[PDB]
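Chains as they are written, first to last, in the UniProt record's numbering: chain A, 1 to 195; chain B, 1 to 250; chain C, 9 to 125, 133 to 250; chain D, 4 to 234; chain E, 20 to 130; chain F, 6 to 248; chain G, 11 to 251; chain H, 3 to 242; chain I, 2 to 245. All C-beta atoms, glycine included, are put in the ideal place defined by N, C-alpha and C.
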Amino acid sequence: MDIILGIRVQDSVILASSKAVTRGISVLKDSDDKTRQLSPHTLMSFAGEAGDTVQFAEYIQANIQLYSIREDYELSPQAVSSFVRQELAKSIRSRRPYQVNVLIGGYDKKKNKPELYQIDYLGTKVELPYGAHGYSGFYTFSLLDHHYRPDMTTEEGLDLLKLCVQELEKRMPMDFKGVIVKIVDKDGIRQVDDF
Amino acid sequence: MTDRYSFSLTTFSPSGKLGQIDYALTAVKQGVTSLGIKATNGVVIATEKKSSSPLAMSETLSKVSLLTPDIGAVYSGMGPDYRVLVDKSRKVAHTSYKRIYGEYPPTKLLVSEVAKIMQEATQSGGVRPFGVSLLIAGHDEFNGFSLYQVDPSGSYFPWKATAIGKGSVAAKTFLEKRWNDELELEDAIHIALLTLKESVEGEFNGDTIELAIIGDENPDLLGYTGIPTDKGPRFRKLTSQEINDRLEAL
Amino acid sequence: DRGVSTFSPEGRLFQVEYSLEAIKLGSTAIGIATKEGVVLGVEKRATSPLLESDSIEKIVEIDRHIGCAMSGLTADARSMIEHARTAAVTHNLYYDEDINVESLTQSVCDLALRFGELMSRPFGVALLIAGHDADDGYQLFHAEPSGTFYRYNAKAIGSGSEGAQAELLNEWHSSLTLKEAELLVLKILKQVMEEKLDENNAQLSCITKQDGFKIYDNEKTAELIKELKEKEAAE
Amino acid sequence: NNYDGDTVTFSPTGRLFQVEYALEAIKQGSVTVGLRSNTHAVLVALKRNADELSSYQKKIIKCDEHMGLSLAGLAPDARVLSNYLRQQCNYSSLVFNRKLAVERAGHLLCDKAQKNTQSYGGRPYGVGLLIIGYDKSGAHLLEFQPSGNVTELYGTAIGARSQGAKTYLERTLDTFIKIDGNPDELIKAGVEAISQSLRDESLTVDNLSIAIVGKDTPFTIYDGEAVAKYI
Amino acid sequence: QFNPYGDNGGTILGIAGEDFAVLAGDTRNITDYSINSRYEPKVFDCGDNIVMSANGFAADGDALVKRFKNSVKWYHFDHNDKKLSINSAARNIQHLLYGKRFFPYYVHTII
Amino acid sequence: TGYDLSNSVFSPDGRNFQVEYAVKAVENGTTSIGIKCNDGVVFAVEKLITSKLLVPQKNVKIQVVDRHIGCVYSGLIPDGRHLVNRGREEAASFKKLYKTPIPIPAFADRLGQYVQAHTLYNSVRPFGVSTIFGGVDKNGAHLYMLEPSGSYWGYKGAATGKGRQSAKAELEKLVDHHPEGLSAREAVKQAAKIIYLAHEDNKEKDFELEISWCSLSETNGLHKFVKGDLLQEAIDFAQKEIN
Amino acid sequence: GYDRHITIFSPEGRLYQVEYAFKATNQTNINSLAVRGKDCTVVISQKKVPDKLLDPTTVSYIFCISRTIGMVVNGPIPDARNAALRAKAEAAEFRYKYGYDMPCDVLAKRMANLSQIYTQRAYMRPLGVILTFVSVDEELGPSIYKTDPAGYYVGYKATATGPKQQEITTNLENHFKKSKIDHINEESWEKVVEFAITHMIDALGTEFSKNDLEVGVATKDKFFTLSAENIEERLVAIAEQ
Amino acid sequence: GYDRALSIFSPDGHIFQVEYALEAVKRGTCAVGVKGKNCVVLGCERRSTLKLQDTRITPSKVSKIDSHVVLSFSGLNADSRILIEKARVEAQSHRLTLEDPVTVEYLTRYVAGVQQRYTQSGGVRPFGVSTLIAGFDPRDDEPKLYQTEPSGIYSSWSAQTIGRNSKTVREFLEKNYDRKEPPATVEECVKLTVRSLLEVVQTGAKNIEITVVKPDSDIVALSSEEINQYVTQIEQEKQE
Amino acid sequence: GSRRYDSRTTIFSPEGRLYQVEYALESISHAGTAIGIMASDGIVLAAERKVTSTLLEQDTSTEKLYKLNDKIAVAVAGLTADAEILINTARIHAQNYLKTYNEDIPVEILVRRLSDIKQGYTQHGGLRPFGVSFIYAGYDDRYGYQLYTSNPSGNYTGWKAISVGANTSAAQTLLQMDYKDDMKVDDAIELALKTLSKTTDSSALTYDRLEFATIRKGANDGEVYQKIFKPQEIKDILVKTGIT
Ligand SMILES: [Cl-]
Ligand SMILES: [Mg+2]
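Laid out in structure tokens, this is it:
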């Protein structure tokens, strides 16, 4: 865990997540997918404490999938994010809190709008045009402040994202073994295989 | 050992009646008459002090009870059941309202809480319903003066004026003739005393009658001075002497 | 009404005695113990021809060395089997060994009387528990909802039990082979069963030291049925 | 009649019918005999079978190295009560390094059976027990009944047709009490005692069950070919 | 602050032959620089031809042995006087020790 | 009706029939007595010898509470044992908190409240015993008798069981003939006689006598059993009086 | 008719178990009386010791609840002692929690509320007793408050309880009609006890020895019971007048 | 807590509360399950005494437990919601721990176990519900159809019906369903299911519901017009 | 013990019916009639007060119609006290959903949960069921305007127009006659009142014996408004339709 990014453009949300899983002085894996599909039009990326991350992601995934079956209806990205926030807000005052930070990228089919939510382990939710967790933000936020425009296409968003990864690969101390990129739009969730 | 009665003692009969509630209402019917009348600038509640023995001091037994500084209550039916309800009603006004909002509850909501308690005795395990009907008179800033009846079922209704217990049927008819929307508080007290004389049989004086009002604020009954916003309780229990004064001009 | 754990004037628990009547209504189950193994067989008894008979699971594995057949309210047996399986595996975890057949049966029978006013009523199912261990060898047990269990050389339970038990009395001897016992279960099942016995409405199983507990295929049982019919016609 | 629905109800004559019905389950049970001398104590039990294909129901249970009982009635209830005795004997050993007195063993069983006869929901135990043991005050024999009543005796018998064996022991009292330092002769007296309760059936090799405890003898049970000596 | 553990010293030694086995231990018991006993045995016959010793903190060692001896007794009661094999004893002792994983028996055990 | 089917139910009389039914079980039991004396109390009981097979002296019915209180009862023997077990718990918690051994009147109420508690609910059965008990404390000797209802009083003499009326009559004579008081050693001898006289109401089976006593002078304020020479002396005294 | 076995309403709105608990009150066949003086409150009760084997000193239906509060019971002794122990605990707890001695009327209310619970809750039976609480309250002065199995309670000028209660009640009623006051206008408690005994003798029509009566007296800061000799002294004073 | 043993044995060896729960199932609207060569079809009756209904929002008779399994029922409607909820929760719980969706047999076994627990638990009555559970196991093309009942017994069926007049429709299916050759196509299976309901229903308007389940989470509910076409076709062939 | 006095509220009859549920429905059949009618542009809730007294305070009274949130209301038929227990639970459930998802609760979800509570009282606990039937009138952005009913059994169903309480048989026949799908709110108001006016056990239908409420999109642009009618407003709507 370490690098998770998010960019909301005109018609989609793009999430980029690092592939490295490191423990000690060993990179144990270089192809790790740090994300779970919560619903057909809602994707959550995650980063934080080992074990907690996946355990939390899969727990949320199960609850959203349960809701979908019960009501035969997909929850809006706003509704899923509020549910997730509340779970983390409970967690922080527990005996052992989930030390997990997340980005929730979703496409609201009723509004026909992409939405990106950034939620930290304390339960601090914000809707943003672009977001990041951990040390990544110290580079990417200023970069996106400069280069981001609200009316960009998905292809323009991917080039904007390439610009972030290049900067992180140049200035970050750790080797994060590239990123898996996923696009969330009106047609659902798909993975970019060549990045 | 332990309470093994975890099941309902009030159940639906084939006809759809809830027997124990009906029987509780029958107990209320046997009880002594009490009444309430709402005026434009106040509310009056009254009842007869049925003395169990002439050696008994009827002053010690209070049928009309303060619940909050602006809310009072009277009953018809089983006295012990009423006494515990007053204890619970006083406490719930604090625990579920005053300790949260820093002010006393409005009449309707306190009535609602008492009603809840009485409903639970109709459905919870190993208990019978309360064998009383309450009349709750009160005032609050946003609703003004109000008068409510609460039955053993937990149902409550707002009244302009009403009566419950022994001679309620005749007493309600009497109140229908006399009640109008322009009644002043003193006029309502007068009518209350007239209505109550019909149901009372023996002696009729300030020592055998218990009567209280929800009227103007009473700064003299507050117990302290210095806070302008605190102006005193609207609930006042009329003295034995004060009742006898109004019985001369009856 | 009356208490669940009440004694009758004769000195029996009403509910336990009534559960025994439910077991008599159940489908037949037969068990035979030999020195070469223990055989377990049951009547499936499908309520309708549309019911897929292979889904009727009245013979059940507890461990590799312990099998089980049931009769009565078979839904009640699920939690008993679950407990038996957990007891067997747990004992292996604690002691690094197979659990004795008798000790397993005793553990199942401890559940039996844990009812009252614990569960609300006794079990409405009897179990035939067959197995093998190193100490006492091949064993067959009859576990009732009274909490009692008897060891048997052979035993029948269910609707045709008293008729089948009288037949097992005459036929059983201490030198029976496994093959002889297989045919004997099929023979006695065919006698007490309402519908005509075949591979689809009757099921065989066995437990041996070498191969453990095995439920027989419908193909294998069919050959034993055909072998049985030929041998009876041969004299 | 109207006062036998549960154990919490007294009859108009002061009887507890559920306790008496539990007592009835013992009379239906197979016969078992208990007797002792000054040096040894012996249990003899007639085991019962369902049919010729079945095994014979085990009647005797070991509680400690110096104590054990025989049962008559509901076997699962004997298992519960014997398990409780095993724990109480074991508690005395671990905590106090002390073998539990046979008298205290009886007192504990009495109090355990009593609680079931005074509370709603539960039921009385449906079994009678004969406890033998050798402790610091020599050989002992107890008779437990599920009413709670425990009784120390020289000899006794419970179960079906137990009156025959009980009469014999009442006659033989003076003889068998002085069988000191001789296990086989004390058993012989017990086997002869249980024989007075037999009808049509006789004592066979897999039918008879004998147990013994004494001065230099731990509680040990004899079944199968080991009891062939005494037939 | 109260320290629940102590060190009672001593040492033990187990050797296995073809048809036999030995378990030896010294009889000295100590605390700090003082001798408590010159003869305090810590190698016990637990029944079923199993000998056991739990050396380190004697209070924990005695507690463990006492619990195992009791485990052997209940194995007989619950499984028709079956002999507890050495491998089965070992596994039983593992569960005794691991049950106190977060407040350990301070002993090195040998059977 | 049906008022007698459930415990804690008042009949139209104002009676608890279940408690009265428990009294019948007490009346069915063997005779037991208590005699208050100068500086203590004496307890005695009838033990029916059902069979020759009963070991003599080894089925003890009188029970000690703490070290200074004796308890004996008639009726359902297990119910009595349950009450004594409670009494011992009550006495232990009293001594734990207050240091001093429990006074007899204090102890009497502890049993009284516990027995009374078993008449308040239909989920429990009343006690099927009347319990005679007492001992010596700081204020001297006390004798009590407790019944299934929870009712108890102090007594000069007490008796319960099948031969209670015979024993009561004999007790009333002792109170009349000894106004200044009866000694401890005398009370043991009289106790033996009264059990033998009360045995006439249970004379099918012969019996075994059992006596205990607390006395400030004779037993130093502690509860002891009467055994050996003193027991045989009391038996001989009783044998001489019946003939 | 299971509505007569537990405390639930009958078709006519009655609680039969409560009514039958009232009848248990008279099972002892004892009459009690309570009156107030200027400085004191006196309670008297009949004492009947039928059995000769009883220790008469232990036979009592008057209880010292607290230093200031006394209580006489009309009803069976087990329920009487049950109520007494609970009142003693409640009085003690009150003092600890609120820092002053529990008033007689407050204790009466508390015990009445407890009694009320038994009339509403099914698993608990009513106690078959009537509790008469007496004290000299530091605010209200001489006080008599009485509780019953219904959960009813009230203050009294004077009161009586028992089988022949009505005869005693009217006897006292006629005296207070004549005297025109709420109490016994008397300085010493000794003469208030004499009044109580005298009017009980007149109402019941029986004479009393020292062992036929039981007396409790409440003064400021203490309640106490009289011995046989204290009563005998009191009986002599009545006889010589 | 309320402890009463409501489900208990009677002298003849019957548990009347379980048997009376079966009567509640017999009162319920008819439900039918027929499995073909490559599909399963769940047909359901809807009583026509209720007009002025809102069929958009009214609870559907067939419920999805997961994307690949469905549950229909006969009996008390309120009771069925509790079983469906528990089953849906267990379906997600199974995916979470085993990383694989439930088999139809496993899901049935769970639901059946819940029903059984309510026949020997204190303070509760049995579920007045029988269920038909149908679907396809993960990565499997073999059709599955199971039945459960209040007692807790469950079993697999080539075709089965439950509810009111179920004995009539079971009679129909017993002669019309061939084991050697089940309905080869979707149309054949739906037609046989509709035919079987037309023996009992009344009219083929808004009284019949049909749900078709195919492999790999392919579930679709038929509309009024689609079902009405089968009704029109069957009646014309009948007049012969 | 206590077994003697247990009514066994959660058992089946030999016919497979729940005794207490059936008897609770019998209780509800004597309660004041409540009608719900759903139109294309709104919902009407109408309810008849139980035999009014002239001295009853009418304006500051609430017996039949209760507000669950800004978008959902209920009409009650049965024990008012029982209904208030369930109403406060439903009010809380709606706020829990809003707190969790930052969205107003869908109507069906609220109905299902309230119905599941009622179901529980028929299957376990040994308590009597709630003697209450609800008509739920509400709006959400999924299904729009919705009418539901629930009863003591815990079974709920959706409706275009429905009645509960007294004379439902007669009331449902009249609604089934005059109702149509393209109906407006103002027409539904008239139908509701006309139906009550014919099915009423009273001599004549008056303002003081009625509670009335509408749920329209009659607010300003794409938003829902709840209107609990005042006494004078009921008086005016009764004259306007020509009943008085
Ligand atoms: Cl209180
Ligand atoms: Mg943040």
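Confirm, please, whether the CB-CB distance from residue 133/H to residue 73/H is below 7 Å. yes
List the residues of chain E whose Cβ lies closer than 8 Å to the Cβ of residue 97/D, in chain order. 85 and 89
State the start and end residues of the unbroken beta strand (DSSP E) segment that holds residue 12/A. 12–18
Under 8 Å Cβ-Cβ, which residues of chain F neighbour residue 3/I? 127 and 128
Between 82/E, 45/E, 116/E and 119/E, which lies nearest to residue 59/E when the distance is taken from Cα to Cα? 45/E
For ligand 2, list every residue whose C-beta falls under 7 Å from any of its heavy atoms, going in chain order. 118/A, 119/A, 120/A, 124/A and 126/A
Test: residue 134/C CB closer than 7 Å to a CB of chain H: yes
Is the separation between the beta-carbon of residue 166/G and that of residue 55/B shorter than 7 Å? yes
7 Å is my cut-off, CB to CB: does residue 94/F come that close to chain G? no
Select from 103/E, 52/E, 36/E and 49/E the residue whose C-alpha is nearest the C-alpha of residue 66/E. 103/E
Going by the C-beta, is residue 90/B closer than 6 Å to any heavy atom of ligand 1? no
Closest Cβ-Cβ distance between residue 53/I and chain B: below 7 Å? no
Cβ-based contacts, 7 Å cut-off: residues of the segment 14–38 of chain D near chain F: 14, 15, 16 and 17
Report whether the distance from the Cβ of residue 63/A to the nearest heavy atom of ligand 1 is below 6 Å. no
Rounded C-alpha distance that separates residue 14/H from residue 66/C: 23 Å
Is there a Cβ from chain G that is less than 7 Å from the Cβ of residue 6/I? yes
Could you list which residues in chain B have their beta carbon closer than 9 Å to that of residue 93/G, in chain order? Chain B residues near residue 93/G: none, gap ~16 Å exceeds 9 Å.
Going by alpha carbons, who is nearest to residue 1/I out of 140/I, 229/I and 197/I? Chain I is shown only over 2 to 245; residue 1/I falls outside these bounds and no answer can be derived.
Compare the beta carbon distance of residue 190/I and residue 208/I with 7 Å and say whether it is the shorter of the two. no
Backbone secondary structure at residue 77/D - three-state DSSP: coil
Contact set for residue 125/C: own chain, Cβ-Cβ below 6 Å, skip 5 residues either direction: 12
Go ahead and label residue 182/H buried or exposed: buried means 16 or more other beta carbons lie within 10 angstroms of its beta carbon, across all protein chains shown. exposed
So residue 102/I and residue 79/A are supposed to be a Cβ contact under 8 Å. How far apart are they, rounded? 4 Å
If residue 130/H and residue 17/I are in contact, beta carbons under 8 Å, what's the gap, nearest whole angstrom? 7 Å
Identity of the residue in 211/I, 92/I, 241/I and 231/I nearest residue 54/I by Cα: 211/I
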